[PDB]
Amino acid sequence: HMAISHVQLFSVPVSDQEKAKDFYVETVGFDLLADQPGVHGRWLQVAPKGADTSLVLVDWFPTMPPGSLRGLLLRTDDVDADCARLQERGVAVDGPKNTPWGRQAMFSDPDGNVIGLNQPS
């Protein structure tokens, strides 16, 4: 019986990392956990405050070109307010629409990776 407790982190492919940083931290409001050298380049690691699973903003996997990532869904406690905030902050939002699984919206980062919001029922 495996001792795996959770996903520590996964990777999002970006091109300009400084730009991605400011987007995920200032615009989307993630916490900046680490920004330092890593083995294949600059390790840039972000997460919603207090979450167990963080995201790494990388540029070193050929198999994941910048902006390729889809099907990422972020849980929020208030999808209307978050959409209002994003729009305020100069991001294009698609939604919020209702769905069988909660109230949802979509937007994209500066490379074109597509991020969902979901507030469950």
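One-based numbering along the sequence shown. In this text, the rigid core denotes the largest set of C-alpha atoms whose superposition between the two forms falls within 1.5 Å.
- Between stretches 74-82 and 34-42, greater average Cα displacement in 5 other deposited structures of this protein relative to the shown form, fitted by the core, falls on 34-42.
- For the pair 106-114 and 93-101, the mean B factor over Cα atoms is greater in 93-101.
- Note on 34-42 vs 47-55: mean CA B-factor is higher in 34-42.
- Residue-level temperature factors show residue 29 in the lowest third of its chain, judged at the C-alpha atom.
- Residue-level temperature factors show residue 72 in the lowest third of its chain, judged at the C-alpha atom.
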